[PDB]
Amino acid sequence: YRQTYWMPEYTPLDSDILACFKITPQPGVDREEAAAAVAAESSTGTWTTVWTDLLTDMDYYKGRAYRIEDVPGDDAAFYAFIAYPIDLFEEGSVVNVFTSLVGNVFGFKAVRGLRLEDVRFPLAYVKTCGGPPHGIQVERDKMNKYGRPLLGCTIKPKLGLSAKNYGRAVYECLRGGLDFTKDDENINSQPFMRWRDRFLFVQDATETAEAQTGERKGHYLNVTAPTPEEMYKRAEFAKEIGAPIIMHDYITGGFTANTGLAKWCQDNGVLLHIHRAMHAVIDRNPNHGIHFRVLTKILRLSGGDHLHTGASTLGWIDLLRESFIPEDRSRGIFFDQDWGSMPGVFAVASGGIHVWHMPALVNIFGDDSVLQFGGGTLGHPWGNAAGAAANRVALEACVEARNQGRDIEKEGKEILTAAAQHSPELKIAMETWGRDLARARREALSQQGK
Amino acid sequence: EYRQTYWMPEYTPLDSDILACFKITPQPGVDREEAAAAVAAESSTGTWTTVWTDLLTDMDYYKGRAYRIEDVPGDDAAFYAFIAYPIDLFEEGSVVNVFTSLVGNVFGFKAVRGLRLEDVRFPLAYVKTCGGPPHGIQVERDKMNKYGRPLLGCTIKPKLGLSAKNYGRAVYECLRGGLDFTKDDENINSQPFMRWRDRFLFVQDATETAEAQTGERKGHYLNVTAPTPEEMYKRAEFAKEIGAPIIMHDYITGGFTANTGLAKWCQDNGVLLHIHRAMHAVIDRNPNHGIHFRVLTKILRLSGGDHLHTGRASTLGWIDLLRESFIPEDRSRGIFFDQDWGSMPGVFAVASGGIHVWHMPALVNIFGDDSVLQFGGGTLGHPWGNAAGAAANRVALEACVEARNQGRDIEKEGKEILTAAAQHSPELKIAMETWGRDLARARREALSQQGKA
Amino acid sequence: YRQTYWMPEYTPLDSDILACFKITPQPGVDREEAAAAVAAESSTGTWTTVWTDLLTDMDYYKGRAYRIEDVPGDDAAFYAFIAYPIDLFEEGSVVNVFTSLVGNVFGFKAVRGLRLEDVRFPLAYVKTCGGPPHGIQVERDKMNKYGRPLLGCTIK
Amino acid sequence: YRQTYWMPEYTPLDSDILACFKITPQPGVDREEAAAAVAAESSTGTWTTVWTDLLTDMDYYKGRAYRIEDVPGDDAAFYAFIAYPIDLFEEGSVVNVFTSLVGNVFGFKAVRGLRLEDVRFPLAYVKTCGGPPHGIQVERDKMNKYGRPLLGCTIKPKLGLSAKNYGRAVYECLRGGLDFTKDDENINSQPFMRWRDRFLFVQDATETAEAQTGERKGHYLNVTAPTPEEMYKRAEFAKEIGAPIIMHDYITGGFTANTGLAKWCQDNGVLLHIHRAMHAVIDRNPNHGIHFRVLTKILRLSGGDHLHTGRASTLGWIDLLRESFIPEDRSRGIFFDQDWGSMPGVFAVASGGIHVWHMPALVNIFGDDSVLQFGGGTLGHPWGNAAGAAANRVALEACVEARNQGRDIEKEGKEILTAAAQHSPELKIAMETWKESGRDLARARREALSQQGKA
Amino acid sequence: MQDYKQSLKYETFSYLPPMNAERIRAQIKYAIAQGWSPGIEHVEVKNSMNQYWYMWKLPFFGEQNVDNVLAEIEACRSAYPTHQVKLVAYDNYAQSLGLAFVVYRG
Amino acid sequence: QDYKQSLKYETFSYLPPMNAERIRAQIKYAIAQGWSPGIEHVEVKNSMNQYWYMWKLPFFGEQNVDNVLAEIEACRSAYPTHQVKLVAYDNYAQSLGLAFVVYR
């Protein structure tokens, strides 16, 4: 392997895809044979040479291991940096780039563990992908929502609710002050709630709550389906009935399906909320799998307008949202990632948060985020509308504080208690439970280029 | 806390229930009943909380519930939770929804160190809702006119850099040599150096030319894996438009939605569907955290394919899962539930990956007739060309099958059989120098005379 | 007909389609043989066993009479219970199930009268059919009607 | 019911649909009132006269009993004859005519039994229906077959056979001398033999036997389906692959589907074989139900090119099926003149436990414009499907050559068959194997009306 | 058992031995007795599945004499000794052939 | 060494032609599996046809290897220019457990 595939003097081209693999080799392997093996197994599949290879330019069509680094800690693991000429891949196909990097090497017997940490998508390849159907800024304009994170509520129980009872919980949430409610990942078209009936009553709920609040309202109607035809049919019905946003399970429904849904959403002006169902099967083992920041770049190319994003955390949020993200090893960002004009994707926070988390969530995620309260909304003692108002008051007072200059996370309890003197719903609720870097680069480049 | 609602050791599963077996490695503080219960809740009704909306529903029917706990032989850190799910929790005919429901949330549960889905029991009433293989083994054999032996394939290398016409030339040489199939690699889609439509024209040209010169049906797994469903289907239609018998898909990297749709399209159009399991090792290698390949095997059979790559004990476990009509429980092979497929057809097991003439006796002895044997370098690497390597492998496969049919022990007698055939075959001789169903049939007989008894 | 199609020890599988035929037999035929005939006539309808049968698994692909009962208050008629394996039918086709059960056997001359009383559709076959487009509860929600029977008029 | 619906002086108009109901009345009801009730229940079904009736012309829009007769040899039952104005029905809809006549009245409690015996379809209503997609003479021309009844085999077992094995039986049959093989009525698309695979291998068999014999072959591919979209998809694939003939179960699939399929068959040149599965549920009980001759007429109007016809009544409905005009004939259960005009006739199909020894009586009862379908009588031959087919085909021709020579083929049966075996070893072995004017009237009347018109 | 020998066929009566003058005569008077019009056609062997064979002259409308038809058969066969010869009988009522069979298989 | 192309005939046609001992073994193996031996034949130009002529009928319940081998030679004699194929019907799978050309 090392003869052909370890190329330490190779400086990558701006058009190459680059991959950073954290290799954990067996005790008797030299780091360069392992790095050259991973370059070869993720590009040409072999070490040998048969007569058909000599019909081709073997020097151009191969991945190159071009640098090896230590891992702070695990002295039994090293980072292997690999370059792939842009021509190994079909344009506009996260499916083909993804297949090529991870479709084969991860069974390699010669390593104890393989972990794909990051992938440098060159700007020449980004420009071939459809990207977000709309992206953060177009979505704020469509929904007419500026100055705060958006608020959402995943409806529960995921199971056993009729369409109409389901619509009831949606209506009571949206009228309370939440921007969005959300179908669960597992809600597709089950016997207790067929999709067509759910879509109708949810849309009823959405228009009734919108007319009673004068704020635009959304609900992520989940179109994840058994086949592309069913997926598209469901997306078409949401458009026919006026629904402004739909949802897809991009990993379990799949990249081919999702890339297609994203492009249909842009063709049809339908916002697209993305769920990362099953990411943890893949991204949780720090020694074997694919890191969620790779999964995050895949989705932005493929297409999403929202994405659930759970140090590392704030790295992949930048990757999801900003125009340029500089290399930052302290955040596991191993390469500069340039996105150009490809719009960024709303970062979605979820999982067991309530009013007490509000000051931190506004602090950490910033304005261009969606904050999704499951039980934090429904579990309010006075019902869904009261808990939506509580969450909306808390969010808005944490934002007014931040704007006023205060350390919202330290003055958290104080900010909240003061605004609860104007909102019973909030007070009872308390009792129950990157950009500047990207723009600095644009200005600098506008003045003198390189 | 989950234990009270989701731990039901008194529950006996209905025959219509989906069952799962998780290998749970709990954190040091958590005891087994509570881990099993959390897993069951986080993969069905994803909470311990009772909010008012739950009281609108029958919380007792609409939940997964853990019903049995077991030790893991030789691992005290881990244990098995067996969990039952009412058939009503899932969209019918949608492995996308059963997959999402089972594995789309629970794997991030912080109170567990490692979670691994070992097996899933699909009830007959849910199997009958899924399309299954577009043809399956026996129908494909009829269409292709091949009986009494494993099928033979070769994957074209290099995977990168070949023009459409150069590629078809390696295909032609292989096929005319006696191989039944050739194969696009998983990464072969539509890259700048070989656009997909050009590849399809020249491969099909090679397929027709080799079929004319041999008198045996030929095919080449044309890869329709694509960025979008629209591109996938367009590529599939063109392969039918030109007369190709078989196409190919990367069901995991393209996705379960696209693949179910492709299988449906294939069955509606008479095109065989060869399935590649790319990415699977990301998921099924680590024995403490992920999804075992035998689960990935069952989802493919239900989603639809006519061939699946299958790669000791577990390996032939999931082969039986892939091909046979009924597979009884067997923990010696990692089969944790009886799996009844009914009349849903079996899928060819495909063996590939660094194999040559010398592996033939073991391959025939292990996979049997209803398998495809894929040779990478083992055909391209022959020193007289592709045609001769194809012939060498074809002769060595046939000699093993004739030897097996005759009562010989083809593994114990591997060298002798191949040598005795080497004498009538210069291609094989120099190539030698360079390098279960009984059970399902028994149960069907018994259930025919006695029924339920 | 009897030796192959009367199986009194067979217990129906849960995947089986079951039928209950009330048979009024002609005066000179025994109940065993008439049940087995109705089972054969409503599944294989074989009047002469030929070589193509031997290409198939004949024990599986056949209806089978498995029980007989008296008709209370009628000594001339009896109930024949018959099991059909789920594989005999096209999924999601009442057309095919109907045609199979009742398409041939009601003309059986060797019986004086034949009445199909009940059919057991197994869950695994129910799941293959579309069912009501909506059903009672969905409809009530669509029409916003609760707590009383609905009322209609037929125009004359 | 009587004062408005019993009209003994009404003479039926020629545009009227006429029905003949055999009524077995309950002990305490008179025949007048029971006829008038059946007429009302099968047209206006009024139990209380209300104000909306007075918005309509009540004298026109109603069925009317206009005659009653005794049932010969049955003092308990009588015949009620009823006229329905052509305007009561949707044009070109046997569905609507059927539903109107039989959709309500058979549940009339005041009657002990009700049997619809015959229906007079007036010419002016016949002209609104599509009819057979082709009919006997067109089909004969398309298949280039003349001077003998056609011969078919029904493949058995109905169940368990793979698509390819099923095509093998088909190939062996067709190549030995049958014109047609047939899907069983239960064969749709089951797990052991998906329809698309069945169609492909049957067509392969059809073409191979056709090339090996030089006579056009066919196989009735059954397109009976769960849904109209599936029915039409299956029919389109048979056309796509070159198949000359398809099959429908018109009762169990139903008239709406069958009517649409016959329309599609004419538009696409596909011949259409009609199976009568379920008919014995409706038509076996002589006291309650619908007689098969009605179901014969419904099928001619709805559309089919062959129809299974399975004593005096039997010969009657064959005439109703095949001929251009059929006179009233109570001895053959024909209660009204039926004029079909130019609407083509349909092949009658004889099946059910017949072998070579039935051939003389079959050629003699059915004549040329018929299909003789052998189930086990072809497959059961100790030498295979080809020899069994050849035996049936030799027996068929020799009976036709005998009859064309003037011989009493039914009397001289065992002799014509024996002189035939002296040249066909296959027919001889099969003989040890198993034991033992309608046209002319129609022509006479067309010529009569051609010279004189109304006379 | 005896193996079924396969060979081309030629529709009605072709599964019986070829017809002597006597058997042909009886078919012709059968047709005349039916009121059908006798007709004669011929075609090359390889083309026997053609819808349209060469017509020998014209149909024999109003023909009562079997022998005249039998002679016209002979003359057609003598003009085309390599061709198959067919006898047909037109039925103008049904616009069909009452009867058709190959007299010589060529 | 350059590769010599010629027409082939599916399973076993890459091995040397079978004498009587080898043919019998395949027949015995098929019976040992419980399959029904069968014999088909066809003109050489037509070997790729799905439907060959059936020689007689399949030999159901047949345990005598030597009687199937006789019928092969019987079929060869009746069609000396045809290819002769031995098949073995698997009733459970509705497939063929074995098929190979005995005489080319």
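The first chain written gets the first letter, and so on, giving A, B, C, D, E and F; residue counts start at 1 in each chain.
Just so it is clear, a residue touches a chain if its C-beta (ideal position, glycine included) is under 8 Å from a C-beta of that chain, and two chains touch if they have at least 3 such contacts.
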Innermost chain, where centres are averages of C-alpha coordinates: B
Chain centre separation in whole Å, for subunit D relative to subunit C (CA means): 26
Between subunit B and subunit D, centroid-to-centroid distance (C-alpha), Å: 51
Cα-centroid distance, subunit E relative to subunit F, in whole angstrom: 43
Interface hub residues of subunit D, defined as touching at least two other chains: 160-162, 164-165, 191-192, 201, 383-384, 386
Junction residues of subunit F, two or more chains touched: 50, 56-57, 89, 92, 94-95
Inter-chain touch pairs (all): A-B, A-C, B-C, B-D, B-F, C-D, C-F, D-E, D-F, E-F
Of all residues in subunit A, those that touch subunit B in their complex: 43-46, 48, 50-53, 55-58, 60-62, 87-96, 98-100, 102-104, 106-107, 113, 155-161, 165, 169, 184-186, 188-192, 224-229, 231-232, 249, 252-260, 263, 277-282, 284-285, 288-290, 374-375, 378-379, 383-384
Interface residues, subunit E side, partner subunit D - complex: 1-2, 4, 6, 8-17, 23, 26-27, 30, 48-49, 51, 88-89, 93-101
Complex interface listing, subunit D residues touching subunit F: 160-162, 164-165, 167-168, 171-172, 192, 201, 204-205, 208, 383-384, 386
Subunit F-touching residues of subunit B, taken from the complex the two chains share: 137-138, 141-142, 145-149, 176-178, 213-217, 369, 384-385, 387-388, 391, 394-395, 398-399, 401-402, 405-407, 421, 424-427, 430, 441, 444
Touching residues on subunit F, where the partner in the complex is subunit D: 49-51, 54, 56-57, 89, 94-95
